[PDB]
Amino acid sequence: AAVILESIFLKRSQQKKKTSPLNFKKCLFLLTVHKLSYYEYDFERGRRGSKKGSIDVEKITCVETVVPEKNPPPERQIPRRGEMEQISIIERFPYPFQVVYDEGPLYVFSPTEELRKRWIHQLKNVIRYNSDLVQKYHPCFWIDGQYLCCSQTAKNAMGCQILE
C-alpha cells in the first residue's frame, strides 16, 4: 500500500550450520501495514533491486532490541556518548533488533538508536492486533546452534525472558 519506513540495514543471513560462518548483508528494508520486506539495493541507480524476502506483518509474534555483541567488528562498534554523517550512516550499523515470526528471529542492525527506536515503535504499532503475539523473548542472539541467553538449541524455542 503506502511505505511507512524505508531504510538500509545490515541483516544477518539464515545460518546454514552451527559450524558455517555468519554472513551479514546490507539490504533495503520496507515496512507496509501488510508486509515487511528486504530488497537488494542498487547503489549506482539509487533504487531497490530484486526482492530478497517478505514477511507478512500478521505472522510477526515479537519485536524488541537484542543485547549487542561483546566484541563486534568495527562495522558494528557502538560509538561513545555524543548530527548525521552520510558515510557512517551506510557503513556502521551498531544497533540490533529482532523480528520474531514462525521461522525464528530475523536480526537487523540499524546505524542509529533513533532509527532502531523508530522501526521498533512502528512495527509494534502494525502488529498490535496480531493473534500469535508472545509474552516471552530471547534478549540475546542465537549464535552457533544455541541462544546465548538460555543455551536452548531450538530456533523457535520459547523466550527465556518475559516482556515488561
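For every residue, the number given is its place in the sequence shown, counted from 1.
- Gap check for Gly82 to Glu83: 4 to 9 deposited residues are absent from the model.
- According to the PDB record, 49-57 carries the higher mean C-alpha B-factor of the two stretches 25-33 and 49-57.
- Between the stretches 155-163 and 4-12, it is 155-163 that shows the larger average CA temperature factor.
- Between the residues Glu114, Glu103, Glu69, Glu64, it is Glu103 that shows the highest Cα B-factor in the PDB record.
- Among the modelled residues of its chain, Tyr38 has a C-alpha B-factor that falls in the highest third according to the deposited record.
- Per the deposited record, the Cα B-factor of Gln122 falls in the lowest third when ranked against the other modelled residues of its chain.
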